[PDB]
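Presented below is the structure to which this report refers.
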Amino acid sequence: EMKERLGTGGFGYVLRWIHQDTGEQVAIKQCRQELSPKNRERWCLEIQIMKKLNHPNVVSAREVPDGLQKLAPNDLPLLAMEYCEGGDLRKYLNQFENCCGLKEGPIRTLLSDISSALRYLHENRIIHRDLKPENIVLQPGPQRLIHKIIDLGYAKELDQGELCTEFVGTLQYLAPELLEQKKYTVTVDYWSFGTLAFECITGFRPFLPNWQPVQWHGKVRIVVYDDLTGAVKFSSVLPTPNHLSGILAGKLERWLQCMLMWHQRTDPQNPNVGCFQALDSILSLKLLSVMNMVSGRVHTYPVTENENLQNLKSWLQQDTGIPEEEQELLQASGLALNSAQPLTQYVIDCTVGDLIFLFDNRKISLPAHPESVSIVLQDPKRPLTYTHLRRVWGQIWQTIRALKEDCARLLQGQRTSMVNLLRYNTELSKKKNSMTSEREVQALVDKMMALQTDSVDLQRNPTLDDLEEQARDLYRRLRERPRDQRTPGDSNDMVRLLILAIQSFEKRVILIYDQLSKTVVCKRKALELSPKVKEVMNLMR
Ligand SMILES: O=C(c1ccc(Nc2nccc(-c3ccc(Cl)cc3)n2)cc1)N1CCN(CCO)CC1
């Protein structure tokens, strides 16, 4: 005897037999009934097929674990596999705080894994009829966490036969191809995968709220967005309230917008390669990211090796904005960019960081904030705010979260320009205690312990985070609200939390400028008042 079950899918059950002694991880697919006769053959088509080949984005076989081996409620064999450790991709997709879907890069991991998974399969003629976030494992990985496609109970071999013919479990996703039960080619995996990614980013699709058979002609009645009543929507042209970049929302609105349809949909502009290098190009892309401290804010760049600071400058120029000779470009803390070295060096993409960029002037202080439309009137009204606030309510804080991540990304946007002082200050401070032992000793320790004064104020200093926790709770106290009692058309609490997040993004903001400007005049007319004390407080001998 050995341990517990795992779940349903395909022609039967999956089992977790944690070995009696050695402690291996064994997972068995077994047949449900006797379910004869050609399915009795086709199950043995499958088993041989799942053994045939392997690669680290889909599981491999295991053979026979002789703790009992074949106990069985059948006169029919079994298939055994490796059990792995991070669960289903859904179990993760399910996380309370992973609301609003992903704002990730593990998305990246995901796509580029499942892609290389799927490719394999079609290169090997194995159209995996479906694809479930339920059939995918976020496997723990030492280098970078791994994805492994599973559950091959439903595939077309093309050359030897089919696998099942059932829609067992939860249909929910999948293409017309099988929904209409019509004739089909590979095109379907693109659907599943695409609609997988759509979820991987948003948490939804166009769409799943309205069940399925049943939405079968919410088939944009078609490449477009769609309608509501209060607030429902079934769209693929532009996703809503979730970050990833400003140019992977590129990808989406082009990658998804291609492979999310029926019968030959591939990117109409190009006889390229679909599931393939179409994705990986728009994936592998080397990303630069300038933060303009004029709070013209974020920029973003597709940079090679044949492009160094020289090239980077010209871009910052023609954006938002301003010419080249007022351009301080600080790599995190300290160093500028050095210099005729390709930008291919300062990107760094996911394992366990940013170009901030500054100006030469007096100081101006701009707020101006990110937002989503399906949040606009959500505060100025309690508008029959129905059962589903697992859209709005979550979104509330994910818009508040975005603000945190912004002040945060201006704390390290500004207090990354005061290390430009601390170094410059002391380098040009105590060089005047080795070359100041020597009469006009007036403007030596006077403009030294006064524009050290306007330097000591800022180097140790402390609402909004005290507010993230109040969001952290409520917009969780909904899933943690039982199946009953929920429904009353009620908004209320969220409103203030947003405005108080705004009432911080109007104090945290300008009073980072009373750190900024007090290090832009205390860097110029502090370290430019040195050349007339450097080698003017020298010639007296
Ligand atoms: O936490 C998981 C989970 C975590 C990971 C997975 N994915 C996973 N990984 C390694 C081997 C396998 C596996 C190994 C062999 C086979 Cl034949 C089928 C699946 N699946 C699937 C589920 N849960 C939560 C508890 N559930 C309820 C109790 O089973 C099951 C799903």
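In the structure tokens, each chain is lettered A, B, ... as it comes, each chain's residues begin at 1, and ligands are numbered from 1 in order of appearance.
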Residue set, segment 233-465 of chain A restricted to strand (DSSP E), as a ChimeraX atom specification: /A:287-288,290-292,297-298,301-302,328-331,355-358
Nearby polymer residues, ligand 1, at most 6 Å, only C-alpha atoms and all ligand atoms, as an NGL selection string: :A and (6-7 or 14 or 27-29 or 80-88 or 137)
How would the residues just chosen look if you wrote them out with N, CA, C and O atoms as an mmCIF file, in the first residue's frame?
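Below is the file that was written, again.cif:
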data_model
loop_
_atom_site.group_PDB
_atom_site.id
_atom_site.type_symbol
_atom_site.label_atom_id
_atom_site.label_comp_id
_atom_site.auth_asym_id
_atom_site.auth_seq_id
_atom_site.Cartn_x
_atom_site.Cartn_y
_atom_site.Cartn_z
ATOM 1 N N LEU A 6 -4.711 12.294 -6.334
ATOM 2 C CA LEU A 6 -4.309 13.617 -6.825
ATOM 3 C C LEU A 6 -5.414 14.399 -7.532
ATOM 4 O O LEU A 6 -5.606 15.584 -7.252
ATOM 5 N N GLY A 7 -6.123 13.742 -8.452
ATOM 6 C CA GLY A 7 -7.204 14.396 -9.197
ATOM 7 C C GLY A 7 -7.674 13.701 -10.467
ATOM 8 O O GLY A 7 -7.007 12.798 -10.987
ATOM 9 N N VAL A 14 -5.298 10.180 -10.949
ATOM 10 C CA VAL A 14 -3.865 10.359 -10.728
ATOM 11 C C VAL A 14 -3.587 10.116 -9.252
ATOM 12 O O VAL A 14 -4.365 10.537 -8.397
ATOM 13 N N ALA A 27 3.558 9.180 -9.456
ATOM 14 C CA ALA A 27 2.212 9.603 -9.857
ATOM 15 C C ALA A 27 1.624 8.682 -10.927
ATOM 16 O O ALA A 27 2.185 8.561 -12.018
ATOM 17 N N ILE A 28 0.491 8.046 -10.618
ATOM 18 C CA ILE A 28 -0.078 7.025 -11.501
ATOM 19 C C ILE A 28 -1.385 7.438 -12.157
ATOM 20 O O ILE A 28 -2.324 7.866 -11.490
ATOM 21 N N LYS A 29 -1.421 7.298 -13.476
ATOM 22 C CA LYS A 29 -2.655 7.378 -14.223
ATOM 23 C C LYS A 29 -3.229 5.978 -14.278
ATOM 24 O O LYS A 29 -2.565 5.047 -14.741
ATOM 25 N N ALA A 80 2.858 5.412 -14.891
ATOM 26 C CA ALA A 80 3.439 6.093 -13.729
ATOM 27 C C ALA A 80 4.426 7.202 -14.107
ATOM 28 O O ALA A 80 5.164 7.081 -15.085
ATOM 29 N N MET A 81 4.441 8.266 -13.306
ATOM 30 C CA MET A 81 5.184 9.483 -13.622
ATOM 31 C C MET A 81 5.809 10.123 -12.393
ATOM 32 O O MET A 81 5.448 9.801 -11.266
ATOM 33 N N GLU A 82 6.737 11.048 -12.630
ATOM 34 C CA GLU A 82 7.383 11.818 -11.566
ATOM 35 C C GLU A 82 6.434 12.852 -10.951
ATOM 36 O O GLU A 82 5.747 13.580 -11.662
ATOM 37 N N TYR A 83 6.390 12.894 -9.626
ATOM 38 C CA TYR A 83 5.606 13.893 -8.913
ATOM 39 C C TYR A 83 6.526 15.061 -8.596
ATOM 40 O O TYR A 83 7.714 14.863 -8.334
ATOM 41 N N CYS A 84 6.105 16.318 -8.719
ATOM 42 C CA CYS A 84 7.149 17.395 -8.751
ATOM 43 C C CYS A 84 7.231 18.552 -7.642
ATOM 44 O O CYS A 84 8.293 18.615 -7.022
ATOM 45 N N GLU A 85 6.268 19.474 -7.318
ATOM 46 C CA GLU A 85 6.486 20.341 -6.073
ATOM 47 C C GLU A 85 5.866 21.766 -6.011
ATOM 48 O O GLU A 85 5.666 22.247 -4.902
ATOM 49 N N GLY A 86 5.538 22.427 -7.143
ATOM 50 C CA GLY A 86 4.985 23.763 -7.053
ATOM 51 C C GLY A 86 3.492 23.823 -7.386
ATOM 52 O O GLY A 86 2.900 24.906 -7.449
ATOM 53 N N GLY A 87 2.877 22.669 -7.641
ATOM 54 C CA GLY A 87 1.455 22.638 -7.916
ATOM 55 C C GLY A 87 1.071 23.127 -9.316
ATOM 56 O O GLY A 87 1.914 23.257 -10.193
ATOM 57 N N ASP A 88 -0.220 23.348 -9.453
ATOM 58 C CA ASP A 88 -0.814 23.782 -10.679
ATOM 59 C C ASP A 88 -0.662 25.187 -10.870
ATOM 60 O O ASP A 88 -0.656 25.998 -9.939
ATOM 61 N N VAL A 137 2.333 22.466 -13.929
ATOM 62 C CA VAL A 137 3.042 22.577 -12.667
ATOM 63 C C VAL A 137 4.085 23.701 -12.677
ATOM 64 O O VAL A 137 5.017 23.707 -13.492
#
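With distances restricted to only C-alpha atoms, A:389 is the closest residue to residue 489 of chain A from A:521, A:389, A:451, A:58.
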Minimum-distance residue to residue 358 of chain A, chosen among A:63, A:153, A:292, A:265 (using only C-alpha atoms):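 Ranking A:63, A:153, A:292, A:265 by distance to residue 358 of chain A, first place goes to A:292.
Of note, atom CA of residue 146 of chain A and atom CA of residue 203 of chain A are spaced 20.4 Å apart.
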